[PDB]
Structures are given as structure tokens and as C-alpha cells.
Amino acid sequence: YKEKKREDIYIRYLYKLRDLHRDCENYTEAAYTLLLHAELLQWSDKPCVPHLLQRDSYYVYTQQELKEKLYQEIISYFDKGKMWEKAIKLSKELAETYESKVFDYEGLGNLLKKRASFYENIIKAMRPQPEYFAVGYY
Amino acid sequence: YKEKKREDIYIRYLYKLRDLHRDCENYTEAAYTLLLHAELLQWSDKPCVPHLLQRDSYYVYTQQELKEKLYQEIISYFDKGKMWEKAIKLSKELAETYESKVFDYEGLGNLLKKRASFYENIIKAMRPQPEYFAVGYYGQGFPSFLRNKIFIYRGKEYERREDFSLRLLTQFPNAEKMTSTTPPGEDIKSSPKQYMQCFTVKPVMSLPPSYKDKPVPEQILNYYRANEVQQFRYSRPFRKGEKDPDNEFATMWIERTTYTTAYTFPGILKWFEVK
Amino acid sequence: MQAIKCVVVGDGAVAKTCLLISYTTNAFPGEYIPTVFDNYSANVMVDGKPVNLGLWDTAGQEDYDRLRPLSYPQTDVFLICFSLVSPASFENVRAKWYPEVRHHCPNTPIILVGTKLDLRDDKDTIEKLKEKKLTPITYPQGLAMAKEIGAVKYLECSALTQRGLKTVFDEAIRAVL
């Protein structure tokens, strides 16, 4: 579909995978897919296309706001995805968008609270190393 | 000394002023001065010069660390200085230095906690607007830097013109006040027996950088309506032409007198000469 | 922060609005800029806390006594004004302004205020009043009228000098406080 660029059905199947990984708790992988969805958007206010206006809730959703919602969810994932580096990464431009366009200073406070919590998580906790195996089909 | 670049005694007198403002609670001004001290330093680890290694505590103090301590103190000041915009500003590069060189992630947490608190303060609280009065020194008996000089004072939040005027009169003997408030006196441009005239002036709006079009909330506006200001205009009524009784607008011609000073209020002085 | 209603009336021959605008502007004496709109306001503290304050600049033309009382309700303090040099101003205030105010607002701290304090002692003004047989009425009789109402205070000032004018407003604000 990406080859065919019919982005709507593309998003549809993206959400299929998102459901799937939610079932499998691949918060990492689920958040990645969700991001690819979010990747399409722009921080422009105007919802330029109702294609991305999905069936979860269908109304105005000024484009940057939809991006914002996605970013919150992806951050939540990564946080429970036990991978805070990407969390901090995304948080940075989230706070940037806040200060630059919405000035949602309470959101700044919450966001930076979360960023500090994640930095603490990184410095403090330890996480297991996942083994990598090669599979040779023949 | 800055002219003479003997930076040590320079720092010494800087700290003198810091003590002074601490006495006067000019947390804004005190923090400014402290920053000028901090301005000299570099984020390099090496304490390259023990000159800045002061008498408050004298040992290794890796240069970036001394910078760090200064920044913490300046942030504390600004925070109780009720001016969080500079606080956020400085916090930004403080956190940058943390992540880039010291990785002091607990310090990151504390710092960003503080930054969020300040953002809340900005969006939530309201702060008073300080009046700005112009002081016109005239006469010969003034000190050298005062003789026939003009100054503008970052007044308190709500001093009326003659309140501050009288407090200044307390600062001085020979407290005779002029009445031709706008124009000077050439006699007194040479006369002894110090003369003065004082009055409020208009704080010209700053340019909110990168803000020229955004529908920014009020807090941003009101903060820039007060501070980082350097232009100051004074309205000048005048009857120009025919003064018909029913129509005062027939002759209103305003000779709007503006002023540029060296430095941006607020600064390391609660007043400055017009530049 | 908090706002205070402050109605002000007085005949149109005394230019009390000049007093108001000069005070609010914190302008130099004789350097106020006359605006085009009325009902001025400011925000200063007299004590302790900053407060907003609104000066209901009201035209003194007697006809407008059908519109001005609509402004009267829930006014914290009223300020009654005159000209120290106009006997007609005295006759109006003692006869019309004061009685109608007391009627419409029988329950409000009140302060009387004089005007043109310099002209009260201006030799030319007083000699004109005598040659016109008008009275350069002095303080004690205004004081007597203030006692007649028992107004919480009375003060007199001059616009070109603003003498006690700042004070005038200081007791004006503390009247609420």
C-alpha cells in the first residue's frame, strides 16, 4: 500500500497491527507502528485530510492536535515499553510544539514531569538483554 | 576595571554589588551581576584560572562546576526574583550541559521540575507593572556624572510620580524642581545650584522575538510590556494653530519625545542615563 | 487585586475631568492629554494591597439626572465636587447635587472636594469676584457643609498644582478600606 500510496487503507492496516501488538504487548513494536501513522501528520493546525480522521473518533481534530494525541499515546507505550530513550526523544519536540504553538504550560509541566521520571528510570533501573537468533529458511 | 581588564578586582567589586543588592533584595539586579561574573566562565572542565576561584570557598572547583553553582544560584534568584523567563532560558543550557558532559540525570530531574514549576508560575500568576520615570539633572553643583545629565529610573511597581520624586528629593539637598518639564534650562546648563525635573515616561513595547503573529496568551504580552525595554517615549501636548474653545482637537500636536538608553531594563542598575 | 466603583459628579464649569485625567495619567501639571471618552479608572494601592479603581466621570448637566442614577447602584464611594471660586457651584451642590445624592444614595461614605485652590488665594480671581460681587468662599464654610453631611472627609486642591490631589485620592481609596 505504501507502494500504492492509498494512505487510508494503509492507516487501516496499521491500526490492525496496532491491535495485534496490543494483544501481544509489543508496546515497542506497537508504538513504532503508531508512530509511522503519526509520521504522516504535520504540526500544522489545519486538518488537511479527513483520511487520517479515523473511526476511533471522527470530528474536527485540528491536525497538530491529532499528532499530539498520537504522541501522548506513543509516549505511554514506550514508557510501559520499558524503552525511555525514544520517550525522551519524542517528548522534546512535543514540548517544543507546546511552547511554540499551543503554549499549554500545564502540558509542559506534565510532559517534563514525565521526562524527568524517565531519566530517573534510565539512570536507576536495569533491563534485560534480548538474544538475537538467525533463521535460515531452506 | 572592565576597561582595565584586571578581572580579579572586577569580580571582587561585582560581589560587592551582589552583597548590596542582596541587602536591597534586587534579586533581578543581583542575579544580573552574578551572571556577568558567570559570563566569564566556560563550560570547560579545567579551572583555567584561580582568579575566579574566590574567597567564598577556594579549592579545585572544575570550571564548569563553578559555572554550574553560579547558574543554580542565579536561577534561585530569578525564581524569587519573580522573573521566570530568564530562569527558563538559563535552565535550558544548564540541562544541556548536564546531558552533554556530566549526565547528572538526577540534576536533570530537579532542573526540569523547576522549569515546569516556573512555566506554571508564568501561565498562572500575575505580576505588577513597574512605572518608569525620567530624571533630568541640571546645574553645576551636581557630581561629574550627574551635571546636566538625564536618567530614567526603573521605579517600583506602583509609585506615583511625586512619591518617587520625593524619595529622590530625600536623596538630595537643594531639592528644587523644575516646571518646564520638557525643555531644559541653558542657564542651568551652566548654572550651579543643582536643578532637576522628573516625570513618568512610556515604556516602549519590546519586540517579542518570533512572536510577531502568534495568538499568544496574555502572560507573554504583559511580561514584554514591562521588561527587556530600552525605548522610552514621552507625550508632548501642544496647541498648534487656532484654539477654538469647543474643539481641543484643533491644535493637539504631540511632540512625542522618545529616549534610548544604553541598557535594557531591568539591568544591573535600577536606573540608567538616556543614551 | 480588586476593583472599586467611584462615582464623581459636579457641574461642567469646573472641569473636574481634568483633575481625574491628570491624576490617572500621573502627568505633569498642565500637561494632561484630554481624551475623548469618560469613566476613567486606575490600579494603585493606598495601603497593603494593589486594587483596581474606577472613576465614573459623569457630566454635571442637570438634565442627565435621568441617566446618572442608573450608574449609582452598588457604588463603593462617591466623590462630590465643586469649584471653590464659583458661588453658583456651592449653591448647586448644597441645593441640588448634595440633596439628590443623599436621596439616591443615602448609604455610602462621601467626601467633598474643593477645586482651584490656587485661585481661592489668587488676587486677580478674588478681586474679579468682588467686582462681580461673587464670594471667594474659603475652607471653613465648606467644612461646615461637610459637617452638615458629616462627610467622612473634605479636601481642596488645585489642578495646575495637584497639591494634596494624590492625597485626595488616597483618602478616597481608604474610604472604602
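For all residues, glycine too, the Cβ spot is worked out from N, Cα and C.
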Range annotated as motif 'Effector region' - as stated in Swiss-Prot, picked from C:32-40, C:41-49, C:104-112, C:140-148: C:32-40
In Swiss-Prot, the member of C:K96, C:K133, C:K166 to which ubiquitin cross-link is assigned: C:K166
C:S71, C:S89 - residue that Swiss-Prot labels as phosphoserine: C:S71
Counts of helix, strand and coil residues, the motif 'Effector region' (C:32-40), according to DSSP: 0 helix, 0 strand, 9 coil
Chain B neighbours, restricted to the recorded positions C:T35, C:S71, C:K147, by C-beta under 8 angstroms: none
Candidate nearest C:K166 (ubiquitin cross-link) in space, where candidates are the recorded positions C:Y32, C:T35, C:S71 and distance is Cα-Cα: C:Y32
Least buried by Cβ count (within 10 Å) of the recorded positions C:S71, C:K147: C:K147
Surrounding CB atoms that lie within 10 Å of the CB of C:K166 (ubiquitin cross-link), all protein chains: 17
Protein Cβ atoms within 10 Å of C:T35 ((Microbial infection) O-alpha-linked (GlcNAc) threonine), excluding its own: 13
Surrounding CB atoms that lie within 10 Å of the CB of C:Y32 ((Microbial infection) O-linked (GlcNAc) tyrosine), all protein chains: 21
Where C:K147 (ubiquitin cross-link) sits in the secondary structure, as DSSP reduces it to three classes: helix
